[PDB]
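# A structural walkthrough
Read off the chains here:
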Amino acid sequence: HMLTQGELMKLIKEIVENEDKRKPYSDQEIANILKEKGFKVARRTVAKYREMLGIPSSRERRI
DNA sequence: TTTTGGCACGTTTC
DNA sequence: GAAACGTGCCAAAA
């Protein structure tokens, strides 16, 4: 929690668009991996961020 | 089924 | 007086 100007912003799209665009993550799953490396942001925040950056859900982009 | 939006609180500083 | 940041549950939407 209590991150910078975008320590979870400039990261949610920089890993998800690099892994498996044919098998996307979710606001829970991205919130989880971000706790393993230094962000420890919850799903409530990360949801509001993939909204503001530019992602509709990535499920709807993939399917 | 899965993924996600609206409402409210904690914190600190102005 | 108020903002800003992440964050707790609820139900809504595909």
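Residues numbered from 1 in each chain as written, not as in the entry; some residues may be left out. Chains lettered and ligands numbered in written order. Heavy atoms only, no water.

This entry, as listed in the PDB, derives from solution NMR.

Moving on, we come to the protein's contact with DNA strand C. In the region of DNA strand C, the neighbouring residues are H1, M2, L8, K40, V41, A42, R44, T45, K48, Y49 and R59. Within 4 Å of the protein, the contacting atoms of DNA strand C are 66% sugar and phosphate, with bases supplying the remainder. A distance of 2.6 Å separates a phosphate oxygen of DNA strand C from a polar atom in the side chain of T45. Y49 has a polar side-chain atom sitting 2.7 Å from a phosphate oxygen of DNA strand C. For the surface near DNA strand C, the element with the highest residue contribution is helix 3 (residues 43–53), accounting for four residues. (Near = heavy atom within 4 Å. Polar contact = N/O pair within 3.5 Å; in protein donor to acceptor, adjacent residues only side chain to side chain. Helix = DSSP H or I, 4+ residues; strand = E, 2+ residues; numbered from the N terminus.)

Every residue lining DNA strand B is accounted for by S26, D27, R43, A47, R50, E51, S57 and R59. Atoms of DNA strand B within 4 Å of the protein: sugar and phosphate make up 61%, bases the balance. In this structure, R50 approaches DNA strand B through a side-chain N or O atom, which is 2.8 Å from a phosphate oxygen. At 3.2 Å from a phosphate oxygen of DNA strand B is found a main-chain nitrogen or oxygen belonging to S57. Looking at the surface near DNA strand B, the element that brings in the most residues is helix 3, giving four residues.

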